[PDB]
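K.L.:
Quick one: this structure, given as structure tokens, is what I'll be asking you about.
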Amino acid sequence: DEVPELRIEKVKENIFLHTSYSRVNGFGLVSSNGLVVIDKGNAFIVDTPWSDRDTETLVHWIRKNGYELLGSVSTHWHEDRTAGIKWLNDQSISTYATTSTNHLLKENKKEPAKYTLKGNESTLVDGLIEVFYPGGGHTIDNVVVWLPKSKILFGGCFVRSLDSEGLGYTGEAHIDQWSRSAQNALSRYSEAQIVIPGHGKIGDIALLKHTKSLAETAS
Ligand SMILES: [Cl-]
Ligand SMILES: [Cl-]
Ligand SMILES: [Cl-]
Ligand SMILES: [Cl-]
Ligand SMILES: [Cl-]
Ligand SMILES: [Cl-]
Ligand SMILES: [Cl-]
Ligand SMILES: [Zn+2]
Ligand SMILES: [Zn+2]
């Protein structure tokens, strides 16, 4: 039952990928991705690590390097996105999630984010971070995060890696809608140079085209 420690690796200027793990029944050890976004001495977390231990490590790294931590946002309700919300809340670090995500956390007896993002589109940190709802896919609540300054789309678990043979855990998925939702994201984010999936290797807009195709054949 050992798991690796969190690691933090640079994607490009001002953008860091955090990778953490959990052992999940039926899947074994699973790697999970989130980001730290830096701008003008401030930091913002996109999805928490998958444990308290790793959330603490990440926050310590941010503070060690002199950055002001403005908070976290989670891109859907499952534990690989939200495990550290309680830890962040208890340490007085602002946590954010959408109305739908916070509703689903409460329904499943989980600690909700302190702040709620309303509507299909939201803006964080004075335009640095844009949150967009493409439609149902992996879950009904899934959102993507666009970083206009970096030309990065963080897809979360709405986007699959290129080596993925399937859509992953589909127990709560909207498979028919997912292909259309993926097209919505493709049409909106033509500028995207880098796309980051919730699990697996980063790439370009090809990840969205592959995800779209996977959804089409899963139907
Ligand atoms: Cl361990
Ligand atoms: Cl990388
Ligand atoms: Cl997930
Ligand atoms: Cl929604
Ligand atoms: Cl997933
Ligand atoms: Cl695979
Ligand atoms: Cl997966
Ligand atoms: Zn999920
Ligand atoms: Zn996931």
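In the structure tokens, each chain is lettered A, B, ... as it comes, each chain's residues begin at 1, and ligands are numbered from 1 in order of appearance.
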As a PyMOL selection string, please: every residue in region 17-172 of chain A that a backbone DSSP assignment puts in strand (DSSP E or B).

P.N.:
chain A and resi 17-24+28-39+42-46+68-73+95-98+115-117+121-124+129-132+144-147+152-156

K.L.:
Mind listing the residues within 9 Å of ligand 2, only C-alpha atoms and all ligand atoms counted, as a ChimeraX atom specification?

P.N.:
/A:9-12,16-17,201-202

K.L.:
Wanna dump the chain A-ligand 3 contacts at 7 Å for me, each residue with its shortest atom pair and the distance in Å to one decimal, counting only C-alpha atoms and all ligand atoms, ordered by chain and number, as a Markdown table?

P.N.:
```
| residue | atom | partner | partner_atom_place_in_ligand_line | distance |
| --- | --- | --- | --- | --- |
| A:78 | CA | ligand 3 | 1 (Cl) | 5.6 |
| A:80 | CA | ligand 3 | 1 (Cl) | 5.8 |
| A:157 | CA | ligand 3 | 1 (Cl) | 5.6 |
```

K.L.:
Based on the selection just made, write C-alpha atoms of those residues as a compact mmCIF listing (two decimals), in the first residue's frame.

P.N.:
```
# COMPACT_ATOMS: atom_id res chain seq x y z
CA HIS A 78 -14.22 13.53 -7.13
CA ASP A 80 -8.56 13.25 -7.05
CA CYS A 157 -10.63 14.48 -16.17
```

K.L.:
Can you work out which one of A:131, A:3, A:105, A:70 has the shortest atom-to-atom distance to ligand 1, counting only C-alpha atoms and all ligand atoms?

P.N.:
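Going through A:131, A:3, A:105, A:70 one by one, the smallest distance to ligand 1 is for A:3.
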
K.L.:
Which residue is closest to ligand 1? Choose from A:54, A:15, A:61, A:151 and count only C-alpha atoms and all ligand atoms.

P.N.:
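The answer is A:54, which sits nearest to ligand 1.
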
K.L.:
Counting only C-alpha atoms, what is within 8 Å of residue 115 (chain A), bar same-chain residues fewer than 4 positions away, as a list in words?

P.N.:
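Neighbouring residues, sequence-local ones excluded: residues 94, 95, 96 and 97 of chain A.
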
K.L.:
Can you tell me, as a short mmCIF file (atom, residue, chain, number, x, y, z; two decimals) with N, CA and C atoms, in the first residue's frame, what residues are no more than 12 Å from region 210-216 of chain A when counting only C-alpha atoms, ignoring any on the same chain fewer than 4 positions away?

P.N.:
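The new file result-v7.cif reads:
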```cif
data_model
loop_
_atom_site.label_atom_id
_atom_site.label_comp_id
_atom_site.auth_asym_id
_atom_site.auth_seq_id
_atom_site.Cartn_x
_atom_site.Cartn_y
_atom_site.Cartn_z
N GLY A 136 -21.71 18.26 -20.08
CA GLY A 136 -21.46 16.98 -19.43
C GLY A 136 -20.41 16.14 -20.17
N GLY A 137 -19.65 15.38 -19.40
CA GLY A 137 -18.65 14.47 -19.97
C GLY A 137 -18.30 13.39 -18.98
N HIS A 138 -17.10 13.51 -18.39
CA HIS A 138 -16.67 12.64 -17.31
C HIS A 138 -17.69 12.63 -16.16
N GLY A 155 -7.57 20.57 -18.89
CA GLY A 155 -8.81 19.84 -19.17
C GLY A 155 -9.38 19.09 -17.99
N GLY A 156 -8.56 18.77 -17.00
CA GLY A 156 -8.96 17.87 -15.93
C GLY A 156 -9.39 16.53 -16.51
N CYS A 157 -10.27 15.84 -15.80
CA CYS A 157 -10.63 14.48 -16.17
C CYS A 157 -11.64 14.44 -17.33
N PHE A 158 -12.13 15.62 -17.73
CA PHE A 158 -12.86 15.80 -18.99
C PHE A 158 -12.02 15.46 -20.24
N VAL A 159 -10.69 15.59 -20.13
CA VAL A 159 -9.76 15.30 -21.20
C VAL A 159 -8.89 14.10 -20.87
N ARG A 160 -8.83 13.14 -21.80
CA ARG A 160 -8.01 11.95 -21.67
C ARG A 160 -6.67 12.12 -22.38
N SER A 161 -5.66 11.42 -21.86
CA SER A 161 -4.34 11.39 -22.49
C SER A 161 -4.39 10.62 -23.82
N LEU A 162 -3.40 10.85 -24.68
CA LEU A 162 -3.36 10.21 -26.02
C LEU A 162 -3.18 8.70 -25.95
N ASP A 163 -2.52 8.22 -24.90
CA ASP A 163 -2.35 6.77 -24.76
C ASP A 163 -3.57 6.09 -24.10
N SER A 164 -4.61 6.84 -23.77
CA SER A 164 -5.81 6.24 -23.16
C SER A 164 -6.55 5.40 -24.18
N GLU A 165 -6.91 4.19 -23.76
CA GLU A 165 -7.69 3.25 -24.58
C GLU A 165 -9.20 3.47 -24.41
N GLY A 166 -9.58 4.21 -23.37
CA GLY A 166 -10.98 4.40 -23.02
C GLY A 166 -11.14 5.67 -22.22
N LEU A 167 -12.35 5.88 -21.72
CA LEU A 167 -12.72 7.11 -21.02
C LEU A 167 -12.41 7.10 -19.52
N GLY A 168 -11.97 5.96 -18.99
CA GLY A 168 -11.69 5.82 -17.56
C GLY A 168 -12.94 5.43 -16.79
N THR A 170 -16.45 5.55 -15.89
CA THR A 170 -17.63 6.10 -16.58
C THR A 170 -18.95 5.94 -15.81
N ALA A 173 -20.63 9.24 -16.06
CA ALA A 173 -20.37 9.96 -17.30
C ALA A 173 -21.62 10.14 -18.17
N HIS A 174 -21.57 11.17 -19.00
CA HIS A 174 -22.59 11.48 -19.98
C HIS A 174 -21.95 11.27 -21.35
N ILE A 175 -21.89 10.01 -21.76
CA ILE A 175 -21.07 9.59 -22.90
C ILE A 175 -21.55 10.19 -24.23
N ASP A 176 -22.86 10.22 -24.47
CA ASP A 176 -23.37 10.85 -25.71
C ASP A 176 -23.08 12.35 -25.76
N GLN A 177 -23.30 13.04 -24.64
CA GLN A 177 -23.01 14.47 -24.54
C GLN A 177 -21.50 14.79 -24.63
N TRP A 178 -20.65 13.87 -24.18
CA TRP A 178 -19.21 14.15 -24.05
C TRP A 178 -18.59 14.56 -25.38
N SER A 179 -18.96 13.89 -26.47
CA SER A 179 -18.39 14.25 -27.78
C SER A 179 -18.77 15.69 -28.16
N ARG A 180 -20.02 16.07 -27.90
CA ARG A 180 -20.48 17.44 -28.17
C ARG A 180 -19.80 18.46 -27.27
N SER A 181 -19.70 18.13 -25.98
CA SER A 181 -18.97 18.97 -25.03
C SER A 181 -17.52 19.16 -25.45
N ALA A 182 -16.89 18.08 -25.91
CA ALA A 182 -15.52 18.16 -26.37
C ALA A 182 -15.40 19.08 -27.59
N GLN A 183 -16.34 18.97 -28.52
CA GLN A 183 -16.40 19.90 -29.65
C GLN A 183 -16.59 21.36 -29.21
N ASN A 184 -17.41 21.58 -28.18
CA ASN A 184 -17.56 22.93 -27.62
C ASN A 184 -16.22 23.50 -27.17
N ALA A 185 -15.44 22.68 -26.46
CA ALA A 185 -14.12 23.07 -25.99
C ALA A 185 -13.15 23.28 -27.15
N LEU A 186 -13.21 22.40 -28.15
CA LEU A 186 -12.37 22.54 -29.36
C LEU A 186 -12.65 23.86 -30.08
N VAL A 195 -2.49 21.24 -23.79
CA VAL A 195 -3.63 20.72 -23.07
C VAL A 195 -3.15 19.72 -22.03
N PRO A 197 -4.30 16.85 -19.32
CA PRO A 197 -5.36 15.95 -18.83
C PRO A 197 -5.28 15.78 -17.31
N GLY A 203 -0.04 17.21 -23.60
CA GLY A 203 0.16 17.31 -25.04
C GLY A 203 -0.45 18.58 -25.57
N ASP A 204 -0.91 18.53 -26.81
CA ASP A 204 -1.51 19.69 -27.46
C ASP A 204 -3.02 19.45 -27.64
N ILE A 205 -3.65 20.22 -28.53
CA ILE A 205 -5.09 20.13 -28.72
C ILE A 205 -5.53 18.73 -29.20
N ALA A 206 -4.60 17.93 -29.74
CA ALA A 206 -4.85 16.52 -30.07
C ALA A 206 -5.54 15.73 -28.95
#
```

K.L.:
Within 10 Å of ligand 1 (counting only C-alpha atoms and all ligand atoms), which residues show up? I'd like them as a PyMOL selection string.

P.N.:
chain A and resi 1-6+21-22+53

K.L.:
Set the distance at 8 Å and use only C-alpha atoms: which residues neighbour residue 76 (chain A) once local chain neighbours fewer than 3 positions away are removed? I'd like the list as a list in words.

P.N.:
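Contacts, in chain order: residues 81, 82, 97, 101, 139, 141, 142 and 143 of chain A.
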
K.L.:
Go ahead and dump the residues you just picked, N, CA and C atoms, as a PDB file, in the first residue's frame.

P.N.:
```pdb
ATOM      1  N   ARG A  81      -9.584  15.473  -7.336  1.00  0.00           N
ATOM      2  CA  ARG A  81      -9.606  16.932  -7.533  1.00  0.00           C
ATOM      3  C   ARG A  81      -9.773  17.763  -6.245  1.00  0.00           C
ATOM      4  N   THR A  82     -10.375  17.160  -5.226  1.00  0.00           N
ATOM      5  CA  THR A  82     -10.896  17.849  -4.046  1.00  0.00           C
ATOM      6  C   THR A  82     -10.380  17.318  -2.702  1.00  0.00           C
ATOM      7  N   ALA A  97     -15.000  26.225  -5.956  1.00  0.00           N
ATOM      8  CA  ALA A  97     -15.584  25.225  -6.824  1.00  0.00           C
ATOM      9  C   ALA A  97     -16.887  25.783  -7.374  1.00  0.00           C
ATOM     10  N   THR A 101     -20.458  21.457  -8.539  1.00  0.00           N
ATOM     11  CA  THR A 101     -19.450  20.716  -7.791  1.00  0.00           C
ATOM     12  C   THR A 101     -19.665  20.762  -6.273  1.00  0.00           C
ATOM     13  N   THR A 139     -18.155  13.826 -15.799  1.00  0.00           N
ATOM     14  CA  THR A 139     -19.265  14.010 -14.868  1.00  0.00           C
ATOM     15  C   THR A 139     -20.123  15.168 -15.353  1.00  0.00           C
ATOM     16  N   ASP A 141     -20.637  17.854 -13.636  1.00  0.00           N
ATOM     17  CA  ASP A 141     -20.081  19.127 -13.132  1.00  0.00           C
ATOM     18  C   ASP A 141     -18.730  19.534 -13.736  1.00  0.00           C
ATOM     19  N   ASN A 142     -18.118  18.684 -14.555  1.00  0.00           N
ATOM     20  CA  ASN A 142     -16.749  18.957 -15.011  1.00  0.00           C
ATOM     21  C   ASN A 142     -16.551  20.311 -15.713  1.00  0.00           C
ATOM     22  N   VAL A 143     -15.500  21.029 -15.330  1.00  0.00           N
ATOM     23  CA  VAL A 143     -15.144  22.294 -15.960  1.00  0.00           C
ATOM     24  C   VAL A 143     -13.694  22.236 -16.390  1.00  0.00           C
TER      25      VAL A 143
END
```

K.L.:
Can you pull out the residues contacting residue 192 (chain A)? Cut-off 6 Å, using only C-alpha atoms, and skip same-chain residues under 2 positions away; I want them as a count of residues only.

P.N.:
5

K.L.:
Counting only C-alpha atoms and all ligand atoms, what are the residues, protein, DNA or RNA alike, that approach ligand 4 to within 8 Å? I want them as a ChimeraX atom specification.

P.N.:
/A:98-100,119-120,133,135-136,140-142

K.L.:
Store the residues picked out above in a file with C-alpha atoms, as a short mmCIF file (atom, residue, chain, number, x, y, z; two decimals), in the first residue's frame.

P.N.:
```
data_model
loop_
_atom_site.label_atom_id
_atom_site.label_comp_id
_atom_site.auth_asym_id
_atom_site.auth_seq_id
_atom_site.Cartn_x
_atom_site.Cartn_y
_atom_site.Cartn_z
CA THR A 98 -18.68 25.62 -9.01
CA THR A 99 -22.28 25.53 -7.74
CA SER A 100 -22.72 22.05 -9.24
CA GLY A 119 -22.80 30.46 -14.07
CA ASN A 120 -21.25 28.61 -17.03
CA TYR A 133 -18.32 24.59 -18.44
CA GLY A 135 -21.16 20.43 -21.00
CA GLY A 136 -21.46 16.98 -19.43
CA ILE A 140 -22.13 16.48 -15.02
CA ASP A 141 -20.08 19.13 -13.13
CA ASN A 142 -16.75 18.96 -15.01
#
```

K.L.:
Nearest to ligand 7: which of A:169, A:55, A:122, A:103 is it, counting only C-alpha atoms and all ligand atoms?

P.N.:
A:169

K.L.:
To one decimal in Å, tell me the separation between CA of residue 191 (chain A) and CA of residue 147 (chain A).

P.N.:
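Atom-to-atom, CA of residue 191 (chain A) to CA of residue 147 (chain A), that is 10.6 Å.
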
K.L.:
To one decimal place in Å, what is the distance between CA of residue 148 (chain A) and CA of residue 130 (chain A)?

P.N.:
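One can read the CA of residue 148 (chain A) to CA of residue 130 (chain A) distance as 7.8 Å.
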